[PDB]
$ cat work-v4.cif   # mmCIF, N, CA, C and O atoms
data_coords
loop_
_atom_site.label_atom_id
_atom_site.label_comp_id
_atom_site.auth_asym_id
_atom_site.auth_seq_id
_atom_site.Cartn_x
_atom_site.Cartn_y
_atom_site.Cartn_z
N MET Z 1 -91.03 -112.64 33.76
CA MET Z 1 -91.16 -111.63 34.84
C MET Z 1 -90.67 -110.27 34.32
O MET Z 1 -89.50 -110.13 33.96
N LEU Z 2 -91.60 -109.31 34.22
CA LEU Z 2 -91.31 -107.91 33.84
C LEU Z 2 -91.78 -106.98 34.95
O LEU Z 2 -92.77 -107.27 35.65
N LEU Z 3 -91.08 -105.85 35.11
CA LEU Z 3 -91.31 -104.88 36.18
C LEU Z 3 -92.62 -104.09 35.95
O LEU Z 3 -92.68 -103.26 35.04
N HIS Z 4 -93.67 -104.38 36.75
CA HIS Z 4 -95.00 -103.69 36.68
C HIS Z 4 -94.93 -102.14 36.74
O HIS Z 4 -95.89 -101.48 36.34
N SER Z 5 -93.82 -101.59 37.27
CA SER Z 5 -93.63 -100.13 37.36
C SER Z 5 -92.15 -99.80 37.62
O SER Z 5 -91.59 -100.21 38.64
N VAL Z 6 -91.51 -99.08 36.67
CA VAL Z 6 -90.17 -98.49 36.88
C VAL Z 6 -90.29 -96.97 36.77
O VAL Z 6 -90.64 -96.44 35.71
N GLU Z 7 -90.00 -96.27 37.87
CA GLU Z 7 -89.91 -94.81 37.90
C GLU Z 7 -88.53 -94.41 37.33
O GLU Z 7 -87.55 -94.27 38.06
N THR Z 8 -88.48 -94.33 35.99
CA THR Z 8 -87.27 -94.03 35.20
C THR Z 8 -86.95 -92.50 35.26
O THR Z 8 -87.79 -91.73 35.75
N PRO Z 9 -85.74 -92.00 34.79
CA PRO Z 9 -85.41 -90.54 34.81
C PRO Z 9 -86.38 -89.68 33.96
O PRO Z 9 -86.54 -88.48 34.21
N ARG Z 10 -87.00 -90.31 32.95
CA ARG Z 10 -88.02 -89.65 32.08
C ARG Z 10 -89.45 -89.76 32.65
O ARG Z 10 -90.41 -89.32 31.99
N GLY Z 11 -89.59 -90.32 33.86
CA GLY Z 11 -90.89 -90.44 34.55
C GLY Z 11 -91.25 -91.88 34.88
O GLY Z 11 -90.41 -92.77 34.79
N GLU Z 12 -92.51 -92.13 35.25
CA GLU Z 12 -92.98 -93.46 35.66
C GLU Z 12 -93.43 -94.25 34.42
O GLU Z 12 -94.11 -93.71 33.54
N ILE Z 13 -93.07 -95.54 34.37
CA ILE Z 13 -93.44 -96.46 33.28
C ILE Z 13 -94.16 -97.66 33.89
O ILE Z 13 -93.75 -98.15 34.94
N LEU Z 14 -95.24 -98.13 33.24
CA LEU Z 14 -96.05 -99.27 33.71
C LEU Z 14 -95.85 -100.47 32.77
O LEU Z 14 -95.86 -100.31 31.55
N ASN Z 15 -95.66 -101.67 33.39
CA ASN Z 15 -95.48 -102.97 32.72
C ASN Z 15 -94.36 -102.93 31.67
O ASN Z 15 -94.60 -102.66 30.48
N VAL Z 16 -93.13 -103.18 32.13
CA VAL Z 16 -91.90 -102.99 31.34
C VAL Z 16 -90.81 -103.97 31.80
O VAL Z 16 -90.59 -104.14 32.99
N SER Z 17 -90.13 -104.63 30.83
CA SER Z 17 -89.01 -105.55 31.12
C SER Z 17 -87.79 -104.79 31.66
O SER Z 17 -87.69 -103.57 31.49
N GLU Z 18 -86.84 -105.52 32.29
CA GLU Z 18 -85.57 -104.94 32.78
C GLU Z 18 -84.74 -104.46 31.57
O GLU Z 18 -84.03 -103.45 31.64
N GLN Z 19 -84.87 -105.21 30.46
CA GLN Z 19 -84.22 -104.90 29.18
C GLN Z 19 -84.73 -103.56 28.64
O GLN Z 19 -83.95 -102.64 28.46
N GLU Z 20 -86.06 -103.47 28.44
CA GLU Z 20 -86.73 -102.30 27.85
C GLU Z 20 -86.52 -101.03 28.70
O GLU Z 20 -86.22 -99.95 28.17
N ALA Z 21 -86.71 -101.19 30.03
CA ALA Z 21 -86.45 -100.13 31.02
C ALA Z 21 -85.07 -99.49 30.85
O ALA Z 21 -84.97 -98.27 30.77
N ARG Z 22 -84.01 -100.31 30.74
CA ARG Z 22 -82.63 -99.81 30.58
C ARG Z 22 -82.36 -99.33 29.14
O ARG Z 22 -81.67 -98.33 28.95
N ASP Z 23 -82.91 -100.04 28.15
CA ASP Z 23 -82.58 -99.86 26.72
C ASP Z 23 -83.18 -98.55 26.18
O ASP Z 23 -82.46 -97.65 25.73
N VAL Z 24 -84.51 -98.46 26.26
CA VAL Z 24 -85.27 -97.31 25.77
C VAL Z 24 -85.30 -96.20 26.84
O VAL Z 24 -84.79 -95.10 26.62
N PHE Z 25 -85.86 -96.55 28.01
CA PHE Z 25 -86.23 -95.56 29.06
C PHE Z 25 -85.01 -95.09 29.88
O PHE Z 25 -85.08 -94.05 30.55
N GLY Z 26 -83.91 -95.86 29.81
CA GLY Z 26 -82.65 -95.49 30.47
C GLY Z 26 -82.73 -95.53 31.99
O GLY Z 26 -82.23 -94.62 32.67
N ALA Z 27 -83.35 -96.59 32.52
CA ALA Z 27 -83.54 -96.78 33.97
C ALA Z 27 -82.22 -97.20 34.64
O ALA Z 27 -81.41 -97.91 34.03
N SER Z 28 -82.04 -96.78 35.90
CA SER Z 28 -80.84 -97.11 36.70
C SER Z 28 -80.88 -98.58 37.13
O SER Z 28 -81.95 -99.16 37.27
N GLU Z 29 -79.70 -99.15 37.37
CA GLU Z 29 -79.56 -100.54 37.84
C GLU Z 29 -80.09 -100.67 39.29
O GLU Z 29 -80.53 -101.75 39.70
N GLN Z 30 -80.06 -99.54 40.02
CA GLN Z 30 -80.67 -99.42 41.36
C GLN Z 30 -82.20 -99.28 41.22
O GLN Z 30 -82.95 -99.71 42.09
N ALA Z 31 -82.64 -98.66 40.11
CA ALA Z 31 -84.07 -98.50 39.77
C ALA Z 31 -84.65 -99.82 39.23
O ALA Z 31 -85.86 -100.05 39.31
N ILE Z 32 -83.76 -100.70 38.69
CA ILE Z 32 -84.20 -101.98 38.11
C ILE Z 32 -84.39 -102.96 39.27
O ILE Z 32 -85.44 -103.53 39.41
N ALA Z 33 -83.30 -103.17 40.03
CA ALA Z 33 -83.30 -103.93 41.30
C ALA Z 33 -84.46 -103.54 42.26
O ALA Z 33 -85.06 -104.42 42.86
N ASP Z 34 -84.71 -102.23 42.43
CA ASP Z 34 -85.85 -101.73 43.24
C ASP Z 34 -87.20 -102.22 42.68
O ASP Z 34 -88.01 -102.79 43.41
N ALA Z 35 -87.41 -101.98 41.38
CA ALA Z 35 -88.64 -102.38 40.67
C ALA Z 35 -88.78 -103.91 40.61
O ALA Z 35 -89.88 -104.43 40.61
N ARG Z 36 -87.64 -104.61 40.57
CA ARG Z 36 -87.57 -106.09 40.51
C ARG Z 36 -88.01 -106.67 41.85
O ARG Z 36 -88.85 -107.56 41.90
N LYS Z 37 -87.43 -106.11 42.92
CA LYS Z 37 -87.79 -106.41 44.31
C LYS Z 37 -89.29 -106.17 44.55
O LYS Z 37 -89.94 -106.95 45.24
N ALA Z 38 -89.83 -105.11 43.93
CA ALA Z 38 -91.18 -104.62 44.19
C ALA Z 38 -92.21 -105.40 43.33
O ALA Z 38 -93.35 -105.59 43.76
N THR Z 39 -91.78 -105.85 42.13
CA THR Z 39 -92.63 -106.65 41.23
C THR Z 39 -92.74 -108.08 41.77
O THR Z 39 -93.82 -108.65 41.75
N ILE Z 40 -91.61 -108.61 42.28
CA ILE Z 40 -91.58 -109.89 43.01
C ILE Z 40 -92.50 -109.79 44.24
O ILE Z 40 -93.46 -110.55 44.34
N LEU Z 41 -92.24 -108.78 45.08
CA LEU Z 41 -93.01 -108.50 46.32
C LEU Z 41 -94.53 -108.42 46.07
O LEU Z 41 -95.32 -108.86 46.90
N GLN Z 42 -94.91 -107.89 44.90
CA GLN Z 42 -96.32 -107.74 44.51
C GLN Z 42 -96.87 -109.09 44.02
O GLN Z 42 -97.95 -109.52 44.42
N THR Z 43 -96.08 -109.75 43.16
CA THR Z 43 -96.45 -111.02 42.52
C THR Z 43 -96.74 -112.11 43.56
O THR Z 43 -97.79 -112.69 43.52
N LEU Z 44 -95.81 -112.32 44.52
CA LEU Z 44 -95.85 -113.49 45.44
C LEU Z 44 -97.11 -113.46 46.35
O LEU Z 44 -97.73 -114.50 46.59
N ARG Z 45 -97.47 -112.26 46.84
CA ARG Z 45 -98.66 -112.08 47.69
C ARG Z 45 -99.95 -112.30 46.89
O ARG Z 45 -100.82 -113.07 47.30
N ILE Z 46 -100.03 -111.66 45.70
CA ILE Z 46 -101.20 -111.75 44.82
C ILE Z 46 -101.35 -113.18 44.28
O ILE Z 46 -102.46 -113.67 44.14
N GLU Z 47 -100.21 -113.84 44.05
CA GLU Z 47 -100.12 -115.19 43.45
C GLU Z 47 -100.76 -116.23 44.38
O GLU Z 47 -101.46 -117.12 43.92
N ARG Z 48 -100.49 -116.07 45.70
CA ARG Z 48 -101.08 -116.93 46.74
C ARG Z 48 -102.61 -116.81 46.67
O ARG Z 48 -103.32 -117.81 46.56
N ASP Z 49 -103.08 -115.54 46.67
CA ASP Z 49 -104.51 -115.21 46.54
C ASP Z 49 -105.10 -115.77 45.23
O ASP Z 49 -106.23 -116.24 45.23
N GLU Z 50 -104.30 -115.75 44.13
CA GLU Z 50 -104.72 -116.29 42.81
C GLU Z 50 -105.01 -117.79 42.91
O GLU Z 50 -106.03 -118.26 42.44
N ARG Z 51 -104.09 -118.52 43.57
CA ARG Z 51 -104.19 -119.98 43.73
C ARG Z 51 -105.46 -120.36 44.52
O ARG Z 51 -106.05 -121.41 44.29
N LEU Z 52 -105.87 -119.48 45.45
CA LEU Z 52 -107.10 -119.67 46.24
C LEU Z 52 -108.36 -119.37 45.39
O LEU Z 52 -109.21 -120.25 45.20
N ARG Z 53 -108.46 -118.14 44.84
CA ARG Z 53 -109.70 -117.62 44.20
C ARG Z 53 -109.96 -118.22 42.80
O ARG Z 53 -111.10 -118.28 42.36
N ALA Z 54 -108.89 -118.64 42.11
CA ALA Z 54 -109.00 -119.27 40.78
C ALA Z 54 -109.45 -120.74 40.93
O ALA Z 54 -110.23 -121.25 40.11
N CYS Z 55 -108.97 -121.40 42.00
CA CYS Z 55 -109.34 -122.79 42.33
C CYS Z 55 -110.63 -122.86 43.19
O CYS Z 55 -110.99 -123.93 43.70
N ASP Z 56 -111.32 -121.71 43.32
CA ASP Z 56 -112.59 -121.59 44.07
C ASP Z 56 -113.76 -122.34 43.37
O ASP Z 56 -114.79 -122.60 43.99
N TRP Z 57 -113.55 -122.71 42.08
CA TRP Z 57 -114.54 -123.47 41.28
C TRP Z 57 -114.80 -124.87 41.89
O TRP Z 57 -115.87 -125.45 41.66
N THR Z 58 -113.83 -125.41 42.63
CA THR Z 58 -113.95 -126.71 43.31
C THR Z 58 -114.52 -126.54 44.73
O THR Z 58 -115.23 -127.41 45.25
N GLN Z 59 -114.18 -125.38 45.33
CA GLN Z 59 -114.54 -125.03 46.71
C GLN Z 59 -116.05 -124.78 46.83
O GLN Z 59 -116.66 -125.07 47.87
N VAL Z 60 -116.64 -124.23 45.76
CA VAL Z 60 -118.10 -124.18 45.61
C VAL Z 60 -118.60 -125.61 45.33
O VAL Z 60 -118.33 -126.19 44.27
N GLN Z 61 -119.30 -126.20 46.32
CA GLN Z 61 -119.71 -127.62 46.30
C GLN Z 61 -120.75 -127.92 45.20
O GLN Z 61 -121.11 -129.08 44.98
N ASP Z 62 -121.23 -126.86 44.52
CA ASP Z 62 -122.16 -126.96 43.38
C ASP Z 62 -121.58 -127.81 42.22
O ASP Z 62 -122.34 -128.49 41.51
N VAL Z 63 -120.24 -127.78 42.05
CA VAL Z 63 -119.53 -128.57 41.02
C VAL Z 63 -119.66 -130.08 41.32
O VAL Z 63 -119.71 -130.48 42.49
N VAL Z 64 -119.76 -130.90 40.26
CA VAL Z 64 -119.92 -132.36 40.40
C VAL Z 64 -118.52 -133.01 40.39
O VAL Z 64 -117.99 -133.39 39.34
N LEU Z 65 -117.91 -133.04 41.59
CA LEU Z 65 -116.64 -133.73 41.85
C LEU Z 65 -116.83 -134.66 43.05
O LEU Z 65 -117.78 -134.48 43.84
N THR Z 66 -115.94 -135.65 43.20
CA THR Z 66 -115.95 -136.53 44.38
C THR Z 66 -115.46 -135.75 45.61
O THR Z 66 -114.74 -134.74 45.47
N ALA Z 67 -115.85 -136.21 46.81
CA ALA Z 67 -115.43 -135.59 48.08
C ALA Z 67 -113.89 -135.58 48.20
O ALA Z 67 -113.31 -134.59 48.65
N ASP Z 68 -113.27 -136.70 47.79
CA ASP Z 68 -111.79 -136.84 47.69
C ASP Z 68 -111.15 -135.70 46.86
O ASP Z 68 -110.20 -135.07 47.31
N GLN Z 69 -111.68 -135.48 45.63
CA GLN Z 69 -111.19 -134.41 44.72
C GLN Z 69 -111.30 -133.04 45.40
O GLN Z 69 -110.30 -132.34 45.58
N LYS Z 70 -112.51 -132.74 45.87
CA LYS Z 70 -112.84 -131.48 46.57
C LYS Z 70 -112.02 -131.28 47.86
O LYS Z 70 -111.84 -130.14 48.29
N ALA Z 71 -111.52 -132.38 48.45
CA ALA Z 71 -110.77 -132.35 49.73
C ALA Z 71 -109.29 -132.01 49.43
O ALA Z 71 -108.67 -131.24 50.13
N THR Z 72 -108.77 -132.70 48.40
CA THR Z 72 -107.45 -132.40 47.78
C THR Z 72 -107.33 -130.91 47.38
O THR Z 72 -106.29 -130.28 47.58
N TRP Z 73 -108.44 -130.35 46.85
CA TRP Z 73 -108.53 -128.92 46.47
C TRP Z 73 -108.74 -128.01 47.70
O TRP Z 73 -108.28 -126.86 47.71
N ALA Z 74 -109.47 -128.52 48.71
CA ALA Z 74 -109.65 -127.81 50.00
C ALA Z 74 -108.33 -127.79 50.80
O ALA Z 74 -108.10 -126.91 51.62
N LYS Z 75 -107.48 -128.79 50.51
CA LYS Z 75 -106.14 -128.91 51.08
C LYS Z 75 -105.18 -128.00 50.31
O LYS Z 75 -104.25 -127.46 50.89
N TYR Z 76 -105.45 -127.85 48.99
CA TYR Z 76 -104.65 -126.98 48.10
C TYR Z 76 -104.59 -125.56 48.66
O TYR Z 76 -103.49 -125.04 48.91
N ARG Z 77 -105.78 -124.98 48.94
CA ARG Z 77 -105.91 -123.65 49.57
C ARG Z 77 -105.20 -123.63 50.92
O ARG Z 77 -104.37 -122.76 51.19
N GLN Z 78 -105.57 -124.60 51.77
CA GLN Z 78 -105.13 -124.66 53.16
C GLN Z 78 -103.61 -124.88 53.29
O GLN Z 78 -103.03 -124.51 54.31
N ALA Z 79 -102.97 -125.46 52.25
CA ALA Z 79 -101.51 -125.71 52.22
C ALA Z 79 -100.75 -124.42 51.88
O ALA Z 79 -99.66 -124.17 52.41
N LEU Z 80 -101.33 -123.62 50.98
CA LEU Z 80 -100.86 -122.25 50.65
C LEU Z 80 -100.94 -121.34 51.89
O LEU Z 80 -100.08 -120.49 52.09
N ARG Z 81 -102.00 -121.53 52.69
CA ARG Z 81 -102.21 -120.79 53.95
C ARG Z 81 -101.38 -121.39 55.11
O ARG Z 81 -101.06 -120.69 56.07
N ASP Z 82 -101.06 -122.69 55.00
CA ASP Z 82 -100.21 -123.42 55.98
C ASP Z 82 -98.78 -122.88 55.89
O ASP Z 82 -98.05 -122.83 56.90
N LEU Z 83 -98.38 -122.50 54.67
CA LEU Z 83 -97.21 -121.66 54.45
C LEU Z 83 -97.53 -120.25 55.00
O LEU Z 83 -98.56 -119.68 54.64
N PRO Z 84 -96.68 -119.70 55.94
CA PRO Z 84 -96.87 -118.34 56.48
C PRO Z 84 -97.07 -117.30 55.37
O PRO Z 84 -96.22 -117.20 54.47
N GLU Z 85 -98.22 -116.59 55.39
CA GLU Z 85 -98.52 -115.54 54.42
C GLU Z 85 -97.48 -114.41 54.54
O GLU Z 85 -97.57 -113.54 55.42
N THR Z 86 -96.46 -114.51 53.68
CA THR Z 86 -95.23 -113.72 53.75
C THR Z 86 -95.51 -112.22 53.60
O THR Z 86 -95.94 -111.76 52.54
N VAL Z 87 -95.31 -111.48 54.71
CA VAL Z 87 -95.43 -110.01 54.73
C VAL Z 87 -94.12 -109.41 54.17
O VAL Z 87 -93.03 -109.81 54.61
N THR Z 88 -94.24 -108.48 53.20
CA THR Z 88 -93.09 -107.93 52.45
C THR Z 88 -92.32 -109.09 51.78
O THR Z 88 -91.32 -109.59 52.32
N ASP Z 89 -92.86 -109.53 50.64
CA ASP Z 89 -92.52 -110.82 49.99
C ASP Z 89 -91.14 -110.76 49.33
O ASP Z 89 -91.01 -110.43 48.14
N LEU Z 90 -90.10 -111.05 50.13
CA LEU Z 90 -88.69 -111.02 49.69
C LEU Z 90 -88.05 -112.40 49.90
O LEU Z 90 -86.85 -112.52 50.21
N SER Z 91 -88.85 -113.45 49.69
CA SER Z 91 -88.42 -114.85 49.80
C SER Z 91 -89.10 -115.68 48.70
O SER Z 91 -90.32 -115.57 48.51
N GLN Z 92 -88.30 -116.50 47.98
CA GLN Z 92 -88.78 -117.35 46.87
C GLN Z 92 -89.87 -118.32 47.37
O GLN Z 92 -89.58 -119.25 48.14
N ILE Z 93 -91.12 -118.04 46.98
CA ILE Z 93 -92.28 -118.86 47.35
C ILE Z 93 -92.28 -120.19 46.57
O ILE Z 93 -92.13 -120.22 45.34
N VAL Z 94 -92.33 -121.31 47.30
CA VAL Z 94 -92.56 -122.65 46.73
C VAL Z 94 -93.79 -123.22 47.43
O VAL Z 94 -93.79 -123.41 48.66
N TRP Z 95 -94.83 -123.45 46.65
CA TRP Z 95 -96.15 -123.89 47.11
C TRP Z 95 -96.71 -124.97 46.18
O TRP Z 95 -96.19 -125.13 45.07
N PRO Z 96 -97.76 -125.75 46.62
CA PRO Z 96 -98.39 -126.79 45.76
C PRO Z 96 -98.81 -126.28 44.36
O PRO Z 96 -99.32 -125.16 44.21
N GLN Z 97 -98.51 -127.09 43.34
CA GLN Z 97 -99.17 -127.02 42.03
C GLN Z 97 -100.50 -127.78 42.16
O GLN Z 97 -100.58 -128.74 42.94
N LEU Z 98 -101.53 -127.33 41.44
CA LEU Z 98 -102.87 -127.93 41.51
C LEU Z 98 -102.86 -129.44 41.14
O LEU Z 98 -102.05 -129.86 40.29
N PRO Z 99 -103.71 -130.29 41.80
CA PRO Z 99 -103.72 -131.76 41.59
C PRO Z 99 -104.16 -132.19 40.17
O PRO Z 99 -103.58 -133.11 39.57
N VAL Z 100 -105.19 -131.50 39.64
CA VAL Z 100 -105.85 -131.86 38.37
C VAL Z 100 -105.32 -130.95 37.23
O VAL Z 100 -104.41 -131.37 36.49
#
$ encode --input "work-v4.cif" --output "structure tokens"
Amino acid sequence: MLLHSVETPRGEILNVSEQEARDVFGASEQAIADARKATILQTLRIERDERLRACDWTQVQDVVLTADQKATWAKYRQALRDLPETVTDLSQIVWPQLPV
């Protein structure tokens, strides 16, 4: 996990570790925590969407899988959605790992 954006004293930096941000760019510990909160907040929402759209290869019934397999995968999406879609993602998301 690296901070997708730290607005350091020398300006804005894209895709940077907490180490690199402080070491080279001289980012504040309040600027690290902020960017950490915000990278987490970005990751968890997008990650839920990733689990849906990446596993969409099973959801398209064109694939040659059993109804059981496709149902387990239709449950995979629906279980991620059964978990409340966390607005302002400041809670450790624990969701299903894929069956196959």
$ atom_distance --input "work-v4.cif" --atom1 "CA of residue 91 (chain Z)" --atom2 "atom N of residue 78 (chain Z)"
19.8 Å
$ resolve_selection --input "work-v4.cif" --expression "the PyMOL selection byres ((chain Z and resi 7) around 7)" --output "list in words"
residues 5, 6, 8, 9, 10, 11, 12, 13, 27, 28, 31 and 35 of chain Z
$ write_last_selection --input "work-v4.cif" --atoms "N, CA, C and O atoms" --output "PDB file, in the coordinates of the input"
ATOM      1  N   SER Z   5     -93.820-101.590  37.270  1.00  0.00           N
ATOM      2  CA  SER Z   5     -93.630-100.130  37.360  1.00  0.00           C
ATOM      3  C   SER Z   5     -92.150 -99.800  37.620  1.00  0.00           C
ATOM      4  O   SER Z   5     -91.590-100.210  38.640  1.00  0.00           O
ATOM      5  N   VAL Z   6     -91.510 -99.080  36.670  1.00  0.00           N
ATOM      6  CA  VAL Z   6     -90.170 -98.490  36.880  1.00  0.00           C
ATOM      7  C   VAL Z   6     -90.290 -96.970  36.770  1.00  0.00           C
ATOM      8  O   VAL Z   6     -90.640 -96.440  35.710  1.00  0.00           O
ATOM      9  N   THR Z   8     -88.480 -94.330  35.990  1.00  0.00           N
ATOM     10  CA  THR Z   8     -87.270 -94.030  35.200  1.00  0.00           C
ATOM     11  C   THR Z   8     -86.950 -92.500  35.260  1.00  0.00           C
ATOM     12  O   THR Z   8     -87.790 -91.730  35.750  1.00  0.00           O
ATOM     13  N   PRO Z   9     -85.740 -92.000  34.790  1.00  0.00           N
ATOM     14  CA  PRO Z   9     -85.410 -90.540  34.810  1.00  0.00           C
ATOM     15  C   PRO Z   9     -86.380 -89.680  33.960  1.00  0.00           C
ATOM     16  O   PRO Z   9     -86.540 -88.480  34.210  1.00  0.00           O
ATOM     17  N   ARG Z  10     -87.000 -90.310  32.950  1.00  0.00           N
ATOM     18  CA  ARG Z  10     -88.020 -89.650  32.080  1.00  0.00           C
ATOM     19  C   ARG Z  10     -89.450 -89.760  32.650  1.00  0.00           C
ATOM     20  O   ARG Z  10     -90.410 -89.320  31.990  1.00  0.00           O
ATOM     21  N   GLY Z  11     -89.590 -90.320  33.860  1.00  0.00           N
ATOM     22  CA  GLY Z  11     -90.890 -90.440  34.550  1.00  0.00           C
ATOM     23  C   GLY Z  11     -91.250 -91.880  34.880  1.00  0.00           C
ATOM     24  O   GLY Z  11     -90.410 -92.770  34.790  1.00  0.00           O
ATOM     25  N   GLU Z  12     -92.510 -92.130  35.250  1.00  0.00           N
ATOM     26  CA  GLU Z  12     -92.980 -93.460  35.660  1.00  0.00           C
ATOM     27  C   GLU Z  12     -93.430 -94.250  34.420  1.00  0.00           C
ATOM     28  O   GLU Z  12     -94.110 -93.710  33.540  1.00  0.00           O
ATOM     29  N   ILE Z  13     -93.070 -95.540  34.370  1.00  0.00           N
ATOM     30  CA  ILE Z  13     -93.440 -96.460  33.280  1.00  0.00           C
ATOM     31  C   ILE Z  13     -94.160 -97.660  33.890  1.00  0.00           C
ATOM     32  O   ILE Z  13     -93.750 -98.150  34.940  1.00  0.00           O
ATOM     33  N   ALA Z  27     -83.350 -96.590  32.520  1.00  0.00           N
ATOM     34  CA  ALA Z  27     -83.540 -96.780  33.970  1.00  0.00           C
ATOM     35  C   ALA Z  27     -82.220 -97.200  34.640  1.00  0.00           C
ATOM     36  O   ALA Z  27     -81.410 -97.910  34.030  1.00  0.00           O
ATOM     37  N   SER Z  28     -82.040 -96.780  35.900  1.00  0.00           N
ATOM     38  CA  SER Z  28     -80.840 -97.110  36.700  1.00  0.00           C
ATOM     39  C   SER Z  28     -80.880 -98.580  37.130  1.00  0.00           C
ATOM     40  O   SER Z  28     -81.950 -99.160  37.270  1.00  0.00           O
ATOM     41  N   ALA Z  31     -82.640 -98.660  40.110  1.00  0.00           N
ATOM     42  CA  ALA Z  31     -84.070 -98.500  39.770  1.00  0.00           C
ATOM     43  C   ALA Z  31     -84.650 -99.820  39.230  1.00  0.00           C
ATOM     44  O   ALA Z  31     -85.860-100.050  39.310  1.00  0.00           O
ATOM     45  N   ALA Z  35     -87.410-101.980  41.380  1.00  0.00           N
ATOM     46  CA  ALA Z  35     -88.640-102.380  40.670  1.00  0.00           C
ATOM     47  C   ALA Z  35     -88.780-103.910  40.610  1.00  0.00           C
ATOM     48  O   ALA Z  35     -89.880-104.430  40.610  1.00  0.00           O
TER      49      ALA Z  35
END
$ closest_residue --input "work-v4.cif" --among "Z:58, Z:50, Z:41, Z:95" --to "residue 80 (chain Z)" --atoms "all atoms listed in the file"
Z:95
$ axis_aligned_box --input "work-v4.cif" --around "region 25-35 of chain Z" --padding-each-side "5 Å" --output "AutoDock Vina command-line options"
--center_x -84.7 --center_y -99.2 --center_z 35.7 --size_x 20.3 --size_y 20.4 --size_z 25.4
$ closest_residue --input "work-v4.cif" --among "Z:98, Z:24, Z:87, Z:14" --to "residue 72 (chain Z)" --atoms "only N, CA, C and O atoms"
Z:98
$ select_by_dssp --input "work-v4.cif" --residues "chain Z" --states "alpha helix (DSSP H)" --output "VMD selection string"
chain Z and resid 18 to 23 29 to 54 56 to 59 67 to 82
$ closest_residue --input "work-v4.cif" --among "Z:74, Z:44, Z:66, Z:4" --to "residue 90 (chain Z)" --atoms "all atoms listed in the file"
Z:44
$ select_by_dssp --input "work-v4.cif" --residues "chain Z" --states "strand (DSSP E)" --output "list in words"
residues 3, 4, 5, 6, 7, 8, 11, 12, 13, 14, 15 and 16 of chain Z
$ resolve_selection --input "work-v4.cif" --expression "the PyMOL selection byres ((chain Z and resi 17-19) around 7)" --output "list in words"
residues 1, 2, 3, 4, 15, 16, 20, 21, 22, 23, 24, 25, 26, 27 and 32 of chain Z
